[PDB]
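Everything below concerns the one structure shown next.
Coordinate-derived values only; no laboratory data. Note: ideal-geometry Cβ built from the backbone for every residue, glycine included; neighbour counts use all protein chains shown.
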Amino acid sequence: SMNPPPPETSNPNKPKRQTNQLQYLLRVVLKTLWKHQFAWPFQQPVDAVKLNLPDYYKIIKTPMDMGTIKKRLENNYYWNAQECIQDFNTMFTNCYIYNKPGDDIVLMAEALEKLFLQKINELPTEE
Ligand SMILES: C#CCCC1(CCC(=O)Nc2cccn3c(C)nnc23)NN1
C-alpha cells in the first residue's frame, strides 16, 4: 500500500501575505477546531496504509487536513483567507465524499464544520 506525497506546505515561488484575516484563521478558526475532541482524524494527512483504506486516494484527488492547514498558516503559505477557507471546505467535502453517510467520521467532520461556519461567519474586516 502507498500514500501520495502530502499537499505542499512550502513554496518559495508562491507570493505570501500576513494579514489580520489569515491571523484570525490561525488564532481563532484552526485553534478552535484543533483542540476539539473530534479533531484527531483530521490533524494529519489520511494514512491510507495504517487506516487500511486502499481506495481512499482512488476517490480523493484533492486531499486536505488540518495538519497541512496548520503548517500553511504557521509558514505564511497563503496570499488570502479564501485560499485557507477553501482548504477547510476541501477537508470537510473529502470526508463526506469518501465515507458512508452516517458513519462516526462524518459526525466528527459535521461537529468541526459547525464551529468552522460559526467562526468564518465573523471573519474580521481587512485592515
Ligand atoms: C471497520 C472499519 C473501517 C471503518 C470505516 C472506514 C472509513 C474510515 O476509516 N475513514 C476515515 C478514518 C480516519 C480519518 N478519515 C478522514 C479524515 N476521512 N475518512 C476517514 N468508517 N467506516
- Query: Using helices alone, what [θ] at 222 nm do you get for the chain, with -39,500 (n - 2.57) per DSSP H run of 4 or more residues, divided over all residues and rounded to the nearest 500?
  - Reply: -13000 deg cm²/dmol
- Task: Round to a whole angstrom and tell me the spacing of the C-alpha centers of the stretch 91-127 and the stretch 42-85.
- Result: 14
- Mind checking the stretch 32-91 for trypsin sites (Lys or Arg not before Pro) that DSSP puts in a loop (not H, G, I, E or B) and that have at most 14 other Cβ atoms within 10 Å? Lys35, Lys50, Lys61
- Query: With the radius of gyration and the Kirkwood radius both derived from the Cα set of the stretch 32-90, what is their ratio Rg to Rh?
  - Reply: 1.00
- Message: Need the full-extension length gain, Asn89 to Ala111, defined as separation in residues times 0.36 nm minus the C-alpha distance. One decimal, nm.
- Response: 6.6 nm
- What list of whole percents do you get for P(r) of the chain, with Cα-Cα distances grouped in 5 Å bins up to the one holding the largest distance? 2, 10, 21, 24, 19, 14, 7, 3, 1, 0
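Hydropathy first: keep DSSP H helices in the chain averaging at least -0.5 on Kyte-Doolittle, then drop any whose Cα extent along the axis falls short of 18 Å, and list what survives.
TM-like helix candidates: 81-98, 104-120.
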- Quote the FRET efficiency, to the nearest 0.05, computed for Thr9 versus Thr62 with a Förster distance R0 of 22 Å and r equal to the Cβ-Cβ distance. 0.90
- Query: Near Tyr98, within a Cβ-to-Cβ distance under 14 Å, what is the net charge of the other residues, with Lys and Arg +1 and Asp and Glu -1?
  - Reply: -2
- Query: So if we plug the beta-carbon distance of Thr125 and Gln43 into 1/(1 + (r/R0)^6) with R0 = 22 Å, what FRET efficiency do we get, rounded to 0.05?
  - Reply: 0.15
- Message: Around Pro6, under 10 Å between beta carbons, what's the net of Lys plus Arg minus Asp minus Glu among the other residues?
- Response: -1
